[PDB]
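Heads up, the thing below is written out as structure tokens.
Any value given below was found using the heavy atoms of this structure, including those in side chains, with hydrogens, waters and symmetry copies removed. In what follows, every chain begins at residue 1, and chains take the letters A, B, ... in the order their sequences are listed.
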Number of protein chains: 2
Amino acid sequence: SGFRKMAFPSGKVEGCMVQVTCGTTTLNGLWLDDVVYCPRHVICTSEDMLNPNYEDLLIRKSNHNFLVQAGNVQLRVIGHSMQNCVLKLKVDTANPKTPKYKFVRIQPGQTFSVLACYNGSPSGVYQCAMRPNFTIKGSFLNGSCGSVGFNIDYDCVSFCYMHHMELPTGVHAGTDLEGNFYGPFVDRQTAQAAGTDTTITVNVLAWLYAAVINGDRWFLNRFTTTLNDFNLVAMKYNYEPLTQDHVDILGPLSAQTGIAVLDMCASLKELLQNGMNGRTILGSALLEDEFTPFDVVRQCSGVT
Amino acid sequence: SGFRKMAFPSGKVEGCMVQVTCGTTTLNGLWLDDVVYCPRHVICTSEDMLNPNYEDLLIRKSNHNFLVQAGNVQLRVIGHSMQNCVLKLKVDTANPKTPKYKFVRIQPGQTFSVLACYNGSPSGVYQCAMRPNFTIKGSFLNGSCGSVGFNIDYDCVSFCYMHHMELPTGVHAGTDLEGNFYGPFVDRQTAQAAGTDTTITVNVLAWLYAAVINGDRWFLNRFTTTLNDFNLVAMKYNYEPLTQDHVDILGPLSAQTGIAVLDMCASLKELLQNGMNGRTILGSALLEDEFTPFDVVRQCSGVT
Ligand SMILES: *CCC(=O)N(c1ccc([C@H](C)OC)cc1)[C@@H](C(=O)Nc1ccc(OC)cc1C)c1cccnc1
Ligand SMILES: *CCC(=O)N(c1ccc([C@H](C)OC)cc1)[C@@H](C(=O)Nc1ccc(OC)cc1C)c1cccnc1
């Protein structure tokens with residue numbers, strides 16, 4: 001029993017964090033095999049962040065300008081390239097701690113763990129979600145760029161995110177490990193507003209199933225709804241539309257608890273229309289949307 | 001910017017998790033040097049959990065009855081002893097991954113990370129706090145016993161908790177690494193009610209400072225209070241009394257934000273008396289009490 005905002009164990013990812021310096025800028029890099037991945041803005045002069053032309057800036061850099069440090073030992077940079085908004089620094093040594101890995105680009109609503117790092121050293125780990133506006137509500141300070149977001153299936157680390165920047169609204173933007181940003185964000189110091197932060201409906205539904213499994217049942221009502229009816233209510237409350245795919249994905253939780261997905265939607269619809277009335281669900285006073293149906297099943301069954 | 005419920009990186013602790021089996025019971029153990037620490041209830045027959053006499057049960061066990069497995073390899077048990085409610089299984093091999101460590105007994109209000117494990121394998125990591133009633137609101141299922149709670153100062157892991165049991169109210173009880181339980185809990189299947197779960201006032205104050213640092217300032221008011229006045233209000237709302245030590249501990253946050261501790265107490269007093277009025281603080285609709293002043297400073301400054 002009990003439901004915590006749980007992150008994957010970070011050990012496998014800790015073994016990949018290195019420090020990357022270019023000139024006087026220092027950020028984190030991800031060392032997998034003989035390649036160090038880092039944000040390309042490491043090459044920017046701190047007084048040309050408004051309008052950088054990365055291809056031009058990169059002409060002034062050589063392999064020897066990128067200082068890669070794993071722990072207290074220096075790695076030899078034998079090659080460098082720019083792929084979208086990341087730099088790939090080929091080193092002369094394969095990381096002896098490289099776990100089994102994949103690079104995956106996630107969809108909004110999907111969750112992941114972030115290992116926040118400063119100067120190649122991990123300082124903390126927490127759970128995140130790719131928001132429907134392609135931002136992440138992370139916890140990052142200056143020098144956290146290059147920290148990665150990941151998921152783990154048994155022994156395989158699926159790298160999904162690398163931190164690049166903070167939007168003026170205190171939210172975060174970054175790329176997948178191929179250097180492509182999530183959403184419309186660009187690695188430049190410019191006016192970039194985030195879009196509407198809608199609630200991830202399927203995740204709220206999953207967390208209501210987690211609450212039922214763990215004993216919190218006061219919100220279970222006598223009503224049901226249809227996908228179209230619920231979606232009208234969800235639209236009004238800036239919730240993501242619920243699709244038949246989400247219903248199918250919620251199937252195992254519906255089966256375990258005996259509560260039909262559409263009955264839980266009606267329970268959610270009443271919580272939206274009436275509020276919590278001073279009550280709590282899994283120790284929270286708001287509807288939690290950063291647990292996917294997969295995370296709920298994993299946590300509630302103990303997938304290691 | 002951004003404030004997440006952050007846990008310490010778990011890698012150092014992952015390298016210590018082993019599987020411990022006695023008869024047909026399987027739980028987790030902590031392997032530090034040539035010793036494996038686990039809850040003593042591993043020796044209980046699943047049909048003598050109501051009234052166990054551990055000294056008597058232990059007479060029927062030998063070194064060869066405790067099966068310790070690190071990964072897929074078996075460790076040789078050359079000795080076994082009972083210290084309070086933990087068993088110390090001396091093995092013939094020192095753990096090659098043993099980090100720098102200490103065993104510390106924490107006070108209520110103190111926070112720590114938990115690496116939830118099943119069959120010696122870590123499945124997740126999350127942040128916890130020792131509640132003022134000596135329970136922890138963890139996330140543990142059957143077979144999670146032996147999972148540990150810890151803090152890390154640079155390279156030193158301070159082990160503070162080992163999970164032993166779930167109280168009927170879905171909350172959790174466990175020991176420090178010397179086998180002494182936090183609170184009045186006993187390792188037996190009996191009627192054990194938790195006490196009042198009061199709110200950790202100093203931690204709420206610290207998290208209000210974290211909110212001010214990160215931009216959420218709507219709750220800052222024009223009032224101040226005294227320690228005695230605030231404590232009357234705190235008493236009414238089942239909040240821990242605020243002492244002068246807590247004020248001193250909040251000193252660095254008070255200095256960084258320019259908000260005197262007693263002014264923040266008056267801000268808290270108004271939040272208690274009036275509620276959030278539908279508003280949020282750091283993405284939360286309730287007053288968060290599981291961030292110590294130390295955790296706020298660490299997170300806000302980036303201590304790795
Ligand atoms: C790793 C460097 C860093 O911390 N930041 C950063 C990132 C990118 C640049 C520019 C875009 O590339 C040359 C500079 C610095 C922080 C950051 O993104 N800062 C920032 C905040 C707000 C605005 O508004 C226009 C612009 C910028 C660049 C950063 C701080 C905290 C957390 N994550 C990143
Ligand atoms: C590791 C074993 C386990 O999961 N549990 C457990 C722990 C201790 C015993 C007894 C006390 O010692 C022989 C048996 C099992 C779970 C647990 O504590 N179960 C439990 C729940 C409620 C009550 O009410 C009286 C009693 C017991 C024993 C456990 C489940 C989930 C999380 N953590 C522990």
Side-chain angles (χ1 to χ4, degrees), chain A residues 3 5-6 102 104-113 127-137 149 151 153 158 160-161 171 173 176 180-185 194-213 216 219-276 281-282 284 286-301 303, chain B residues 283:
Chain A
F3 211 71
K5 183 66 71 54
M6 197 175 291
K102 283 178 164 170
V104 287
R105 181 173 181 81
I106 62 161
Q107 294 298 326
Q110 293 309 101
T111 58
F112 55 92
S113 304
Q127 203 64 6
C128 262
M130 179 54 54
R131 301 307 311 178
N133 61 9
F134 291 112
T135 66
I136 82 159
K137 294 161 137 160
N151 288 272
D153 183 70
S158 281
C160 60
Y161 173 88
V171 297
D176 58 23
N180 293 119
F181 262 91
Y182 285 98
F185 307 111
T196 303
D197 199 16
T198 57
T199 309
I200 312 148
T201 311
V202 63
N203 292 9
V204 173
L205 288 167
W207 165 91
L208 293 173
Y209 279 109
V212 161
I213 295 164
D216 240 318
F219 57 90
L220 293 186
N221 58 29
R222 308 184 161 274
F223 328 122
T224 199
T225 188
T226 66
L227 257 199
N228 295 156
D229 181 68
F230 173 81
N231 281 336
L232 288 179
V233 174
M235 161 111 74
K236 151 164 177 144
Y237 287 92
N238 296 103
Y239 262 62
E240 281 294 292
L242 197 70
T243 68
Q244 189 56 53
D245 286 4
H246 294 135
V247 178
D248 302 347
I249 282 160
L250 289 158
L253 282 171
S254 169
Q256 187 196 330
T257 62
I259 296 165
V261 174
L262 286 180
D263 294 4
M264 190 71 75
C265 292
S267 260
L268 177 50
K269 162 179 166 190
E270 296 286 306
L271 288 166
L272 292 174
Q273 292 174 337
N274 299 309
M276 307 280 243
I281 298 171
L282 295 180
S284 174
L286 54 78
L287 303 165
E288 298 296 335
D289 76 333
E290 298 199 348
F291 292 104
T292 65
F294 309 85
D295 295 347
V296 168
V297 171
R298 196 182 309 108
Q299 187 170 154
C300 296
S301 80
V303 174

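- Residues passing the ring pair (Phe, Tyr, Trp, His ring centres under 6.0 Å) test with A:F185, sequence neighbours excluded: none.
- Within the 4.5 Å cutoff, side-chain heavy atoms of A:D197 are placed close to those of A:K137.
- Every side-chain hydrogen bond (donor to acceptor under 3.5 Å, both in side chains) that A:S267 has, sequence neighbours left out, goes to A:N221.
- Two residues are said to be in side-chain contact when any heavy atoms from C-beta on lie closer than 4.5 Å; A:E288 and A:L286 meet this criterion.
- Residues passing the side-chain contact (heavy atoms from CB on, under 4.5 Å) test with A:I249, sequence neighbours excluded: A:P293, A:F294.
- A search for side-chain hydrogen bond (donor to acceptor under 3.5 Å, both in side chains) contacts involving A:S158 returns nothing, not counting sequence neighbours.
- Proximity of A:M130 to A:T135: side-chain heavy atoms (C-beta onward) are nowhere separated by under 4.5 Å.
- Residues satisfying the side-chain contact (heavy atoms from CB on, under 4.5 Å) criterion with A:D229, sequence neighbours excluded, are A:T225, A:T226, A:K269.
- Residues passing the side-chain contact (heavy atoms from CB on, under 4.5 Å) test with A:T257, sequence neighbours excluded: A:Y209, A:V212, A:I213, A:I259.
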Can you list the steps and then say if A:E290 with A:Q127 is a side chain to side chain contact (heavy atoms under 4.5 Å, CB included)?
CA-CA 8 Å; A:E290 298 199 348; A:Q127 203 64 6; over 6 Å; no

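- Legend: residues meeting side-chain hydrogen bond (donor to acceptor under 3.5 Å, both in side chains) with A:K5, ordered by chain and number and at least two apart, are absent.
- Take A:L262 and apply the side-chain contact (heavy atoms from CB on, under 4.5 Å) test, not counting sequence neighbours, and it matches A:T224, A:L227, A:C265.
- Between the side chain of A:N180 and the backbone N or O of A:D176, no donor-acceptor pair lies under 3.5 Å.
- A:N203 approaches A:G109 most closely through the heavy-atom pair ND2-O, 2.9 Å.
- If you take CD1 on A:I200 and CZ on A:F291, they are separated by 11.5 Å, rounding to the nearest 0.5 Å.
- In this structure a side-chain-to-backbone donor-acceptor pair under 3.5 Å is missing from A:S254 to A:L250.
- Looking only at distances, no side-chain donor or acceptor of A:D289 sits under 3.5 Å from a matching main-chain atom of A:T199.
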So A:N133 and A:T196, side chain to side chain contact (heavy atoms under 4.5 Å, CB included) or not? Walk me through it.
CA-CA 6 Å; A:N133 61 9; A:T196 303; over 6 Å; no

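- Remark: A:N228 CG is loosely packed, at most 12 non-hydrogen atoms of other residues, nucleotides or ligands lying under 6.0 Å away.
- Looking at A:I281 and A:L287, their side chains come closer than 4.5 Å, going by heavy atoms from C-beta outward.
- Residue A:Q256 holds its CD atom at 6.5 Å from CG of A:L253, rounded to the nearest 0.5 Å.
- Sequence neighbours left out, not one pair with a member in residues 236-248 of chain A passes salt bridge (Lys or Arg N to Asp or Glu O under 4.0 Å).
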Could you give me the CA-CA distance, side-chain angles and deciding distance for A:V233 and A:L268, then say whether side chain to side chain contact (heavy atoms under 4.5 Å, CB included) is met?
CA-CA 10 Å; A:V233 174; A:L268 177 50; over 6 Å; no

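- Applying the side-chain hydrogen bond (donor to acceptor under 3.5 Å, both in side chains) criterion to A:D295, with sequence neighbours excluded, gives A:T111, A:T292, A:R298.
- Considering only heavy atoms from C-beta on, A:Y237 comes within 4.5 Å of A:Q273 through its side chain.
- Remark: A:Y161 engages A:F112 in a ring pair (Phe, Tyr, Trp, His ring centres under 6.0 Å) (not counting sequence neighbours).
- Within the 4.5 Å cutoff, the side chain of A:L208 has heavy atoms near those of the A:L271 side chain.
- Atom CZ of A:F3 sits about 10.0 Å away from atom CH2 of A:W207, to the nearest 0.5 Å.
- For A:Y182, there are no ring pair (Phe, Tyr, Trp, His ring centres under 6.0 Å) partners, not counting sequence neighbours.
- Between A:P108 and A:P132, the shortest heavy-atom contact is CB-CA, 3.6 Å.
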